[PDB]
$ cat upload.cif   # mmCIF, N, CA and C atoms
data_target
loop_
_atom_site.group_PDB
_atom_site.id
_atom_site.type_symbol
_atom_site.label_atom_id
_atom_site.label_comp_id
_atom_site.auth_asym_id
_atom_site.auth_seq_id
_atom_site.Cartn_x
_atom_site.Cartn_y
_atom_site.Cartn_z
ATOM 1 N N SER A 1 76.446 15.627 -41.404
ATOM 2 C CA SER A 1 75.716 14.371 -41.319
ATOM 3 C C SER A 1 75.824 13.791 -39.922
ATOM 4 N N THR A 2 75.109 14.399 -38.978
ATOM 5 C CA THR A 2 75.151 13.962 -37.590
ATOM 6 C C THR A 2 74.612 12.547 -37.437
ATOM 7 N N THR A 3 75.489 11.606 -37.120
ATOM 8 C CA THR A 3 75.102 10.218 -36.920
ATOM 9 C C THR A 3 74.780 10.001 -35.441
ATOM 10 N N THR A 4 74.666 8.746 -35.021
ATOM 11 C CA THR A 4 74.482 8.421 -33.615
ATOM 12 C C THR A 4 75.794 8.376 -32.849
ATOM 13 N N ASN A 5 76.925 8.583 -33.522
ATOM 14 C CA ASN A 5 78.204 8.667 -32.835
ATOM 15 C C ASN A 5 78.465 10.048 -32.258
ATOM 16 N N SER A 6 77.662 11.044 -32.628
ATOM 17 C CA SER A 6 77.809 12.372 -32.048
ATOM 18 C C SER A 6 77.144 12.439 -30.681
ATOM 19 N N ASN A 7 75.842 12.171 -30.629
ATOM 20 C CA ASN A 7 75.145 12.130 -29.351
ATOM 21 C C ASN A 7 75.696 11.004 -28.489
ATOM 22 N N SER A 8 76.000 11.325 -27.237
ATOM 23 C CA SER A 8 76.546 10.369 -26.286
ATOM 24 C C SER A 8 75.457 9.963 -25.305
ATOM 25 N N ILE A 9 75.273 8.653 -25.141
ATOM 26 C CA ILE A 9 74.212 8.156 -24.278
ATOM 27 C C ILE A 9 74.524 8.470 -22.819
ATOM 28 N N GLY A 10 73.467 8.545 -22.018
ATOM 29 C CA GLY A 10 73.613 8.816 -20.604
ATOM 30 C C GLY A 10 73.541 7.555 -19.771
ATOM 31 N N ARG A 11 72.679 7.549 -18.770
ATOM 32 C CA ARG A 11 72.520 6.368 -17.938
ATOM 33 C C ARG A 11 71.779 5.287 -18.709
ATOM 34 N N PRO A 12 72.346 4.096 -18.869
ATOM 35 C CA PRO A 12 71.586 2.999 -19.472
ATOM 36 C C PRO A 12 70.435 2.578 -18.576
ATOM 37 N N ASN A 13 69.329 2.198 -19.207
ATOM 38 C CA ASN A 13 68.157 1.781 -18.453
ATOM 39 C C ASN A 13 68.374 0.405 -17.838
ATOM 40 N N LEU A 14 67.864 0.227 -16.621
ATOM 41 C CA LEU A 14 67.935 -1.054 -15.920
ATOM 42 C C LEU A 14 66.639 -1.802 -16.194
ATOM 43 N N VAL A 15 66.715 -2.795 -17.080
ATOM 44 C CA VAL A 15 65.506 -3.472 -17.534
ATOM 45 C C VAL A 15 65.092 -4.569 -16.564
ATOM 46 N N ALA A 16 66.049 -5.338 -16.051
ATOM 47 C CA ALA A 16 65.691 -6.538 -15.310
ATOM 48 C C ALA A 16 66.665 -6.802 -14.174
ATOM 49 N N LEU A 17 66.124 -7.239 -13.040
ATOM 50 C CA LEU A 17 66.916 -7.798 -11.958
ATOM 51 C C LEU A 17 66.899 -9.321 -12.041
ATOM 52 N N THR A 18 67.940 -9.941 -11.488
ATOM 53 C CA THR A 18 68.095 -11.393 -11.575
ATOM 54 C C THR A 18 68.707 -11.885 -10.268
ATOM 55 N N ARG A 19 67.864 -12.385 -9.372
ATOM 56 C CA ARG A 19 68.358 -13.006 -8.158
ATOM 57 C C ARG A 19 68.545 -14.500 -8.395
ATOM 58 N N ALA A 20 69.245 -15.156 -7.477
ATOM 59 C CA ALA A 20 69.485 -16.589 -7.574
ATOM 60 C C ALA A 20 69.090 -17.229 -6.256
ATOM 61 N N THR A 21 68.041 -18.044 -6.285
ATOM 62 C CA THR A 21 67.568 -18.743 -5.100
ATOM 63 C C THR A 21 67.269 -20.183 -5.471
ATOM 64 N N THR A 22 67.714 -21.114 -4.634
ATOM 65 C CA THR A 22 67.398 -22.515 -4.859
ATOM 66 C C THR A 22 65.926 -22.776 -4.573
ATOM 67 N N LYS A 23 65.394 -23.821 -5.194
ATOM 68 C CA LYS A 23 64.047 -24.284 -4.872
ATOM 69 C C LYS A 23 64.109 -24.983 -3.523
ATOM 70 N N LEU A 24 64.165 -24.196 -2.451
ATOM 71 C CA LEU A 24 64.376 -24.746 -1.119
ATOM 72 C C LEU A 24 63.227 -25.678 -0.754
ATOM 73 N N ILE A 25 63.568 -26.887 -0.316
ATOM 74 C CA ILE A 25 62.589 -27.938 -0.044
ATOM 75 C C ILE A 25 62.933 -28.535 1.317
ATOM 76 N N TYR A 26 62.279 -28.052 2.362
ATOM 77 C CA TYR A 26 62.310 -28.760 3.631
ATOM 78 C C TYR A 26 60.969 -28.758 4.336
ATOM 79 N N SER A 27 60.020 -27.920 3.924
ATOM 80 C CA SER A 27 58.684 -27.996 4.496
ATOM 81 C C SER A 27 57.987 -29.292 4.104
ATOM 82 N N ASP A 28 58.276 -29.814 2.912
ATOM 83 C CA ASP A 28 57.598 -31.004 2.419
ATOM 84 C C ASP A 28 58.354 -32.291 2.710
ATOM 85 N N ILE A 29 59.655 -32.210 2.981
ATOM 86 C CA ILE A 29 60.457 -33.419 3.125
ATOM 87 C C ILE A 29 60.435 -33.942 4.555
ATOM 88 N N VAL A 30 60.222 -33.073 5.541
ATOM 89 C CA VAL A 30 60.309 -33.452 6.943
ATOM 90 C C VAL A 30 59.020 -33.062 7.651
ATOM 91 N N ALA A 31 58.947 -33.424 8.927
ATOM 92 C CA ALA A 31 57.818 -33.103 9.785
ATOM 93 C C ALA A 31 58.298 -32.209 10.918
ATOM 94 N N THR A 32 57.655 -31.057 11.077
ATOM 95 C CA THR A 32 58.125 -30.018 11.980
ATOM 96 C C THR A 32 57.087 -29.716 13.049
ATOM 97 N N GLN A 33 57.576 -29.310 14.217
ATOM 98 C CA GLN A 33 56.725 -28.870 15.310
ATOM 99 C C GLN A 33 57.568 -28.020 16.247
ATOM 100 N N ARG A 34 57.027 -26.878 16.656
ATOM 101 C CA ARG A 34 57.795 -25.922 17.442
ATOM 102 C C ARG A 34 57.949 -26.413 18.875
ATOM 103 N N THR A 35 59.185 -26.418 19.366
ATOM 104 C CA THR A 35 59.492 -26.861 20.718
ATOM 105 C C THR A 35 59.619 -25.654 21.635
ATOM 106 N N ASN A 36 59.050 -25.767 22.830
ATOM 107 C CA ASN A 36 59.010 -24.661 23.774
ATOM 108 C C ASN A 36 60.146 -24.685 24.783
ATOM 109 N N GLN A 37 61.069 -25.629 24.683
ATOM 110 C CA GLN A 37 62.194 -25.706 25.599
ATOM 111 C C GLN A 37 63.427 -26.160 24.838
ATOM 112 N N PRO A 38 64.619 -25.829 25.333
ATOM 113 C CA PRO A 38 65.848 -26.162 24.600
ATOM 114 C C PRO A 38 66.102 -27.653 24.454
ATOM 115 N N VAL A 39 65.221 -28.484 24.996
ATOM 116 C CA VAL A 39 65.331 -29.929 24.867
ATOM 117 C C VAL A 39 63.988 -30.471 24.406
ATOM 118 N N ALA A 40 63.988 -31.161 23.271
ATOM 119 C CA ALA A 40 62.779 -31.720 22.682
ATOM 120 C C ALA A 40 62.781 -33.228 22.876
ATOM 121 N N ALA A 41 61.669 -33.761 23.375
ATOM 122 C CA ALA A 41 61.572 -35.170 23.745
ATOM 123 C C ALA A 41 60.406 -35.805 23.003
ATOM 124 N N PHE A 42 60.693 -36.846 22.229
ATOM 125 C CA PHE A 42 59.676 -37.600 21.512
ATOM 126 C C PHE A 42 59.431 -38.927 22.212
ATOM 127 N N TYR A 43 58.202 -39.418 22.116
ATOM 128 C CA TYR A 43 57.825 -40.691 22.708
ATOM 129 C C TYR A 43 57.680 -41.754 21.633
ATOM 130 N N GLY A 44 58.402 -42.853 21.802
ATOM 131 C CA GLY A 44 58.197 -44.007 20.954
ATOM 132 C C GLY A 44 57.569 -45.135 21.741
ATOM 133 N N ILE A 45 56.287 -45.391 21.502
ATOM 134 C CA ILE A 45 55.536 -46.416 22.215
ATOM 135 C C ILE A 45 55.300 -47.570 21.256
ATOM 136 N N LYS A 46 55.740 -48.760 21.646
ATOM 137 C CA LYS A 46 55.733 -49.925 20.777
ATOM 138 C C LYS A 46 54.812 -50.995 21.342
ATOM 139 N N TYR A 47 54.162 -51.735 20.451
ATOM 140 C CA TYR A 47 53.301 -52.846 20.831
ATOM 141 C C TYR A 47 54.057 -54.151 20.627
ATOM 142 N N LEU A 48 54.142 -54.960 21.678
ATOM 143 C CA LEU A 48 55.021 -56.118 21.686
ATOM 144 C C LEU A 48 54.246 -57.410 21.901
ATOM 145 N N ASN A 49 54.691 -58.454 21.210
ATOM 146 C CA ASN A 49 54.242 -59.814 21.456
ATOM 147 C C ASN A 49 54.900 -60.342 22.721
ATOM 148 N N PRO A 50 54.378 -61.431 23.291
ATOM 149 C CA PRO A 50 55.016 -62.013 24.480
ATOM 150 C C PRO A 50 56.457 -62.455 24.259
ATOM 151 N N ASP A 51 56.980 -62.286 23.045
ATOM 152 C CA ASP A 51 58.401 -62.464 22.777
ATOM 153 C C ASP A 51 59.120 -61.133 22.589
ATOM 154 N N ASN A 52 58.480 -60.028 22.969
ATOM 155 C CA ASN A 52 59.054 -58.686 22.981
ATOM 156 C C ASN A 52 59.445 -58.177 21.601
ATOM 157 N N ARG B 1 71.347 33.266 -50.074
ATOM 158 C CA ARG B 1 72.108 32.488 -49.109
ATOM 159 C C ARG B 1 71.312 31.245 -48.750
ATOM 160 N N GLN B 2 72.026 30.156 -48.477
ATOM 161 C CA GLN B 2 71.370 28.891 -48.183
ATOM 162 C C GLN B 2 72.312 28.006 -47.384
ATOM 163 N N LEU B 3 71.720 27.046 -46.677
ATOM 164 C CA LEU B 3 72.461 26.081 -45.879
ATOM 165 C C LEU B 3 71.660 24.791 -45.817
ATOM 166 N N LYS B 4 72.342 23.706 -45.462
ATOM 167 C CA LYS B 4 71.731 22.388 -45.400
ATOM 168 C C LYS B 4 72.081 21.727 -44.074
ATOM 169 N N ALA B 5 71.408 20.616 -43.789
ATOM 170 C CA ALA B 5 71.710 19.830 -42.602
ATOM 171 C C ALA B 5 71.262 18.397 -42.838
ATOM 172 N N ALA B 6 72.007 17.458 -42.254
ATOM 173 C CA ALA B 6 71.763 16.027 -42.447
ATOM 174 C C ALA B 6 71.758 15.358 -41.074
ATOM 175 N N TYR B 7 70.589 14.893 -40.655
ATOM 176 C CA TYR B 7 70.451 14.140 -39.420
ATOM 177 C C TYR B 7 69.873 12.764 -39.716
ATOM 178 N N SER B 8 70.408 11.756 -39.040
ATOM 179 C CA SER B 8 69.960 10.383 -39.207
ATOM 180 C C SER B 8 68.707 10.131 -38.379
ATOM 181 N N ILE B 9 67.895 9.174 -38.834
ATOM 182 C CA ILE B 9 66.662 8.852 -38.120
ATOM 183 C C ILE B 9 66.974 8.318 -36.731
ATOM 184 N N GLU B 10 67.945 7.411 -36.635
ATOM 185 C CA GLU B 10 68.284 6.825 -35.344
ATOM 186 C C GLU B 10 68.787 7.875 -34.365
ATOM 187 N N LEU B 11 69.434 8.931 -34.862
ATOM 188 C CA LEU B 11 69.812 10.026 -33.977
ATOM 189 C C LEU B 11 68.582 10.723 -33.417
ATOM 190 N N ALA B 12 67.551 10.901 -34.246
ATOM 191 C CA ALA B 12 66.323 11.522 -33.765
ATOM 192 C C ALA B 12 65.720 10.724 -32.620
ATOM 193 N N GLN B 13 65.742 9.395 -32.721
ATOM 194 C CA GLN B 13 65.255 8.561 -31.628
ATOM 195 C C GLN B 13 66.093 8.762 -30.373
ATOM 196 N N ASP B 14 67.414 8.627 -30.502
ATOM 197 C CA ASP B 14 68.280 8.727 -29.333
ATOM 198 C C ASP B 14 68.202 10.109 -28.702
ATOM 199 N N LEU B 15 68.190 11.159 -29.522
ATOM 200 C CA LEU B 15 68.116 12.508 -28.972
ATOM 201 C C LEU B 15 66.766 12.762 -28.316
ATOM 202 N N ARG B 16 65.689 12.248 -28.912
ATOM 203 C CA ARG B 16 64.376 12.371 -28.288
ATOM 204 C C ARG B 16 64.334 11.632 -26.959
ATOM 205 N N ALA B 17 64.920 10.441 -26.909
ATOM 206 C CA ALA B 17 65.124 9.739 -25.651
ATOM 207 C C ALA B 17 66.373 10.303 -24.979
ATOM 208 N N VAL B 18 66.873 9.607 -23.959
ATOM 209 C CA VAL B 18 68.110 9.982 -23.282
ATOM 210 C C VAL B 18 68.015 11.419 -22.791
ATOM 211 N N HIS B 19 68.285 12.368 -23.687
ATOM 212 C CA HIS B 19 68.244 13.777 -23.315
ATOM 213 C C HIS B 19 66.810 14.281 -23.234
ATOM 214 N N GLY B 20 66.081 14.225 -24.342
ATOM 215 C CA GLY B 20 64.692 14.635 -24.313
ATOM 216 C C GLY B 20 64.380 15.845 -25.164
ATOM 217 N N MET B 21 65.094 16.005 -26.273
ATOM 218 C CA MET B 21 64.859 17.107 -27.191
ATOM 219 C C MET B 21 64.716 16.571 -28.606
ATOM 220 N N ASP B 22 63.888 17.247 -29.396
ATOM 221 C CA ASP B 22 63.632 16.833 -30.770
ATOM 222 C C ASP B 22 64.818 17.213 -31.647
ATOM 223 N N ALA B 23 65.395 16.221 -32.328
ATOM 224 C CA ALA B 23 66.571 16.477 -33.151
ATOM 225 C C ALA B 23 66.243 17.357 -34.347
ATOM 226 N N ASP B 24 65.011 17.281 -34.849
ATOM 227 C CA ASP B 24 64.635 18.061 -36.023
ATOM 228 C C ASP B 24 64.638 19.553 -35.716
ATOM 229 N N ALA B 25 63.977 19.947 -34.627
ATOM 230 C CA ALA B 25 63.804 21.367 -34.345
ATOM 231 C C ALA B 25 65.132 22.060 -34.074
ATOM 232 N N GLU B 26 66.115 21.334 -33.540
ATOM 233 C CA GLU B 26 67.398 21.954 -33.227
ATOM 234 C C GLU B 26 68.097 22.435 -34.491
ATOM 235 N N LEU B 27 68.148 21.585 -35.518
ATOM 236 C CA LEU B 27 68.827 21.966 -36.751
ATOM 237 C C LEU B 27 68.132 23.141 -37.424
ATOM 238 N N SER B 28 66.798 23.143 -37.432
ATOM 239 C CA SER B 28 66.075 24.324 -37.890
ATOM 240 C C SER B 28 66.362 25.515 -36.988
ATOM 241 N N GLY B 29 66.470 25.277 -35.681
ATOM 242 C CA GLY B 29 66.817 26.353 -34.772
ATOM 243 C C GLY B 29 68.273 26.758 -34.865
ATOM 244 N N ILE B 30 69.087 25.964 -35.561
ATOM 245 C CA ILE B 30 70.491 26.314 -35.738
ATOM 246 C C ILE B 30 70.714 26.998 -37.080
ATOM 247 N N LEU B 31 70.253 26.377 -38.168
ATOM 248 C CA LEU B 31 70.503 26.925 -39.497
ATOM 249 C C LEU B 31 69.890 28.311 -39.652
ATOM 250 N N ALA B 32 68.611 28.455 -39.300
ATOM 251 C CA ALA B 32 67.947 29.744 -39.459
ATOM 252 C C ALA B 32 68.622 30.817 -38.620
ATOM 253 N N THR B 33 68.952 30.496 -37.370
ATOM 254 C CA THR B 33 69.651 31.456 -36.525
ATOM 255 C C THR B 33 71.030 31.778 -37.084
ATOM 256 N N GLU B 34 71.742 30.764 -37.580
ATOM 257 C CA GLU B 34 73.086 30.993 -38.099
ATOM 258 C C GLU B 34 73.073 31.919 -39.307
ATOM 259 N N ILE B 35 72.137 31.710 -40.232
ATOM 260 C CA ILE B 35 72.092 32.542 -41.432
ATOM 261 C C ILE B 35 71.812 33.990 -41.064
ATOM 262 N N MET B 36 70.864 34.214 -40.153
ATOM 263 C CA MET B 36 70.537 35.579 -39.759
ATOM 264 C C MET B 36 71.737 36.269 -39.127
ATOM 265 N N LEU B 37 72.542 35.525 -38.366
ATOM 266 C CA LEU B 37 73.761 36.100 -37.805
ATOM 267 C C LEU B 37 74.720 36.536 -38.902
ATOM 268 N N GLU B 38 74.900 35.699 -39.926
ATOM 269 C CA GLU B 38 75.830 36.041 -40.994
ATOM 270 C C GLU B 38 75.380 37.288 -41.742
ATOM 271 N N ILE B 39 74.089 37.378 -42.063
ATOM 272 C CA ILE B 39 73.575 38.580 -42.710
ATOM 273 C C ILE B 39 73.750 39.783 -41.795
ATOM 274 N N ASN B 40 73.406 39.620 -40.515
ATOM 275 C CA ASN B 40 73.606 40.697 -39.555
ATOM 276 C C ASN B 40 75.078 41.045 -39.413
ATOM 277 N N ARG B 41 75.967 40.083 -39.658
ATOM 278 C CA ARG B 41 77.389 40.401 -39.684
ATOM 279 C C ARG B 41 77.758 41.141 -40.961
ATOM 280 N N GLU B 42 77.193 40.720 -42.095
ATOM 281 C CA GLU B 42 77.537 41.334 -43.373
ATOM 282 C C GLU B 42 77.166 42.810 -43.394
ATOM 283 N N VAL B 43 76.009 43.158 -42.833
ATOM 284 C CA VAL B 43 75.618 44.561 -42.760
ATOM 285 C C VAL B 43 76.637 45.352 -41.954
ATOM 286 N N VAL B 44 77.057 44.813 -40.811
ATOM 287 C CA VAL B 44 78.101 45.464 -40.028
ATOM 288 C C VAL B 44 79.414 45.473 -40.797
ATOM 289 N N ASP B 45 79.715 44.380 -41.501
ATOM 290 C CA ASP B 45 80.982 44.293 -42.221
ATOM 291 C C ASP B 45 81.063 45.328 -43.336
ATOM 292 N N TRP B 46 79.967 45.532 -44.071
ATOM 293 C CA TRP B 46 79.987 46.502 -45.161
ATOM 294 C C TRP B 46 80.238 47.910 -44.642
ATOM 295 N N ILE B 47 79.673 48.241 -43.480
ATOM 296 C CA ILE B 47 79.815 49.589 -42.939
ATOM 297 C C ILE B 47 81.282 49.913 -42.694
ATOM 298 N N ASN B 48 81.992 49.022 -42.003
ATOM 299 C CA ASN B 48 83.423 49.222 -41.813
ATOM 300 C C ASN B 48 84.178 49.095 -43.126
ATOM 301 N N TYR B 49 83.651 48.303 -44.060
ATOM 302 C CA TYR B 49 84.271 48.191 -45.374
ATOM 303 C C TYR B 49 84.218 49.517 -46.119
ATOM 304 N N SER B 50 83.078 50.201 -46.065
ATOM 305 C CA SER B 50 82.886 51.433 -46.815
ATOM 306 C C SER B 50 83.261 52.683 -46.034
ATOM 307 N N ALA B 51 83.571 52.559 -44.748
ATOM 308 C CA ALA B 51 83.850 53.732 -43.934
ATOM 309 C C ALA B 51 85.140 54.407 -44.373
ATOM 310 N N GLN B 52 85.132 55.736 -44.367
ATOM 311 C CA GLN B 52 86.347 56.479 -44.653
ATOM 312 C C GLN B 52 87.298 56.415 -43.466
#

$ encode --input "upload.cif" --output "structure tokens"
Amino acid sequence: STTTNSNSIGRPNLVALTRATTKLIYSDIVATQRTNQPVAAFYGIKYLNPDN
Amino acid sequence: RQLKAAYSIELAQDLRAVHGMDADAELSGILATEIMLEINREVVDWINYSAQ
């Protein structure tokens, strides 16, 4: 009465891979622009009343 | 002369998978071959049995 305990299984099949990655969010949260020099300079120009 | 064999259904699945051979045909390929060997042995056995 050959059962399934006689036959010995070989390599188990690999059904699924499972990586872990966060929902990385920085393209939408900030404002980006590529700088062409190791020093990036922004201009803040303000409109002032005669009381500055 | 006669012989029997008992194979489980789940063994037929596992043997058909994994290895890749039909569990049914093996037992038929074993019992029939085994019986013919025994008869072929008996003919040889009788000769030495009856030999002077």

$ residues_around --input "upload.cif" --residues "region 22-33 of chain A" --least-positions-apart "4" --cutoff "12 Å" --atoms "only C-alpha atoms" --output "list in words"
residues 40, 41 and 42 of chain A

$ write_last_selection --input "upload.cif" --atoms "N, CA and C atoms" --output "compact mmCIF listing (two decimals), in the frame of the given file"
# COMPACT_ATOMS: atom_id res chain seq x y z
N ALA A 40 63.99 -31.16 23.27
CA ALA A 40 62.78 -31.72 22.68
C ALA A 40 62.78 -33.23 22.88
N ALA A 41 61.67 -33.76 23.38
CA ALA A 41 61.57 -35.17 23.74
C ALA A 41 60.41 -35.80 23.00
N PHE A 42 60.69 -36.85 22.23
CA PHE A 42 59.68 -37.60 21.51
C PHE A 42 59.43 -38.93 22.21

$ residues_around --input "upload.cif" --residues "residue 7 (chain B)" --least-positions-apart "6" --cutoff "6.5 Å" --atoms "all atoms listed in the file" --output "ChimeraX atom specification"
/A:1-3

$ write_last_selection --input "upload.cif" --atoms "N, CA and C atoms" --output "mmCIF file, in the coordinates of the input"
data_model
loop_
_atom_site.group_PDB
_atom_site.id
_atom_site.type_symbol
_atom_site.label_atom_id
_atom_site.label_comp_id
_atom_site.auth_asym_id
_atom_site.auth_seq_id
_atom_site.Cartn_x
_atom_site.Cartn_y
_atom_site.Cartn_z
ATOM 1 N N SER A 1 76.446 15.627 -41.404
ATOM 2 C CA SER A 1 75.716 14.371 -41.319
ATOM 3 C C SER A 1 75.824 13.791 -39.922
ATOM 4 N N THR A 2 75.109 14.399 -38.978
ATOM 5 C CA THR A 2 75.151 13.962 -37.590
ATOM 6 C C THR A 2 74.612 12.547 -37.437
ATOM 7 N N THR A 3 75.489 11.606 -37.120
ATOM 8 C CA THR A 3 75.102 10.218 -36.920
ATOM 9 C C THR A 3 74.780 10.001 -35.441
#

$ atom_distance --input "upload.cif" --atom1 "atom C of residue 25 (chain B)" --atom2 "atom C of residue 41 (chain B)"
23.9 Å

$ resolve_selection --input "upload.cif" --expression "the PyMOL selection byres ((chain A) within 8 of (chain B))" --output "PyMOL selection string"
chain A and resi 1-5+7-11

$ atom_distance --input "upload.cif" --atom1 "CA of residue 21 (chain A)" --atom2 "CA of residue 35 (chain A)"
28.2 Å

$ atom_distance --input "upload.cif" --atom1 "atom C of residue 6 (chain A)" --atom2 "atom C of residue 27 (chain B)"
15.5 Å

$ axis_aligned_box --input "upload.cif" --around "region 27-30 of chain A" --padding-each-side "4 Å" --output "JSON"
{"center_x": 59.0, "center_y": -30.9, "center_z": 5.0, "size_x": 10.9, "size_y": 14.0, "size_z": 13.2}

$ select_by_dssp --input "upload.cif" --residues "chain B" --states "alpha helix (DSSP H)" --output "ChimeraX atom specification"
/B:9-14,23-50

$ build_atoms --input "upload.cif" --residues "region 4-20 of chain A" --atoms "N, CA, C and O atoms" --output "mmCIF file, in the coordinates of the input"
data_model
loop_
_atom_site.group_PDB
_atom_site.id
_atom_site.type_symbol
_atom_site.label_atom_id
_atom_site.label_comp_id
_atom_site.auth_asym_id
_atom_site.auth_seq_id
_atom_site.Cartn_x
_atom_site.Cartn_y
_atom_site.Cartn_z
ATOM 1 N N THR A 4 74.666 8.746 -35.021
ATOM 2 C CA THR A 4 74.482 8.421 -33.615
ATOM 3 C C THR A 4 75.794 8.376 -32.849
ATOM 4 O O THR A 4 75.778 8.139 -31.637
ATOM 5 N N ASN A 5 76.925 8.583 -33.522
ATOM 6 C CA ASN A 5 78.204 8.667 -32.835
ATOM 7 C C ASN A 5 78.465 10.048 -32.258
ATOM 8 O O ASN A 5 79.408 10.209 -31.478
ATOM 9 N N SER A 6 77.662 11.044 -32.628
ATOM 10 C CA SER A 6 77.809 12.372 -32.048
ATOM 11 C C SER A 6 77.144 12.439 -30.681
ATOM 12 O O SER A 6 77.796 12.730 -29.675
ATOM 13 N N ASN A 7 75.842 12.171 -30.629
ATOM 14 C CA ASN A 7 75.145 12.130 -29.351
ATOM 15 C C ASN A 7 75.696 11.004 -28.489
ATOM 16 O O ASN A 7 75.832 9.866 -28.943
ATOM 17 N N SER A 8 76.000 11.325 -27.237
ATOM 18 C CA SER A 8 76.546 10.369 -26.286
ATOM 19 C C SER A 8 75.457 9.963 -25.305
ATOM 20 O O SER A 8 74.799 10.823 -24.709
ATOM 21 N N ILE A 9 75.273 8.653 -25.141
ATOM 22 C CA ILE A 9 74.212 8.156 -24.278
ATOM 23 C C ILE A 9 74.524 8.470 -22.819
ATOM 24 O O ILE A 9 75.679 8.643 -22.415
ATOM 25 N N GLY A 10 73.467 8.545 -22.018
ATOM 26 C CA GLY A 10 73.613 8.816 -20.604
ATOM 27 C C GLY A 10 73.541 7.555 -19.771
ATOM 28 O O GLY A 10 74.263 6.590 -20.033
ATOM 29 N N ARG A 11 72.679 7.549 -18.770
ATOM 30 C CA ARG A 11 72.520 6.368 -17.938
ATOM 31 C C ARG A 11 71.779 5.287 -18.709
ATOM 32 O O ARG A 11 70.665 5.536 -19.188
ATOM 33 N N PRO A 12 72.346 4.096 -18.869
ATOM 34 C CA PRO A 12 71.586 2.999 -19.472
ATOM 35 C C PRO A 12 70.435 2.578 -18.576
ATOM 36 O O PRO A 12 70.535 2.591 -17.348
ATOM 37 N N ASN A 13 69.329 2.198 -19.207
ATOM 38 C CA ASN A 13 68.157 1.781 -18.453
ATOM 39 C C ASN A 13 68.374 0.405 -17.838
ATOM 40 O O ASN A 13 68.982 -0.479 -18.447
ATOM 41 N N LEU A 14 67.864 0.227 -16.621
ATOM 42 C CA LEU A 14 67.935 -1.054 -15.920
ATOM 43 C C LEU A 14 66.639 -1.802 -16.194
ATOM 44 O O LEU A 14 65.589 -1.502 -15.627
ATOM 45 N N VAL A 15 66.715 -2.795 -17.080
ATOM 46 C CA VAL A 15 65.506 -3.472 -17.534
ATOM 47 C C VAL A 15 65.092 -4.569 -16.564
ATOM 48 O O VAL A 15 63.902 -4.741 -16.280
ATOM 49 N N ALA A 16 66.049 -5.338 -16.051
ATOM 50 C CA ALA A 16 65.691 -6.538 -15.310
ATOM 51 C C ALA A 16 66.665 -6.802 -14.174
ATOM 52 O O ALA A 16 67.875 -6.622 -14.327
ATOM 53 N N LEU A 17 66.124 -7.239 -13.040
ATOM 54 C CA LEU A 17 66.916 -7.798 -11.958
ATOM 55 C C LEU A 17 66.899 -9.321 -12.041
ATOM 56 O O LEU A 17 65.972 -9.929 -12.577
ATOM 57 N N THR A 18 67.940 -9.941 -11.488
ATOM 58 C CA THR A 18 68.095 -11.393 -11.575
ATOM 59 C C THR A 18 68.707 -11.885 -10.268
ATOM 60 O O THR A 18 69.926 -11.818 -10.090
ATOM 61 N N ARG A 19 67.864 -12.385 -9.372
ATOM 62 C CA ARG A 19 68.358 -13.006 -8.158
ATOM 63 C C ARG A 19 68.545 -14.500 -8.395
ATOM 64 O O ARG A 19 68.071 -15.064 -9.384
ATOM 65 N N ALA A 20 69.245 -15.156 -7.477
ATOM 66 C CA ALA A 20 69.485 -16.589 -7.574
ATOM 67 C C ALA A 20 69.090 -17.229 -6.256
ATOM 68 O O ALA A 20 69.725 -16.979 -5.229
#
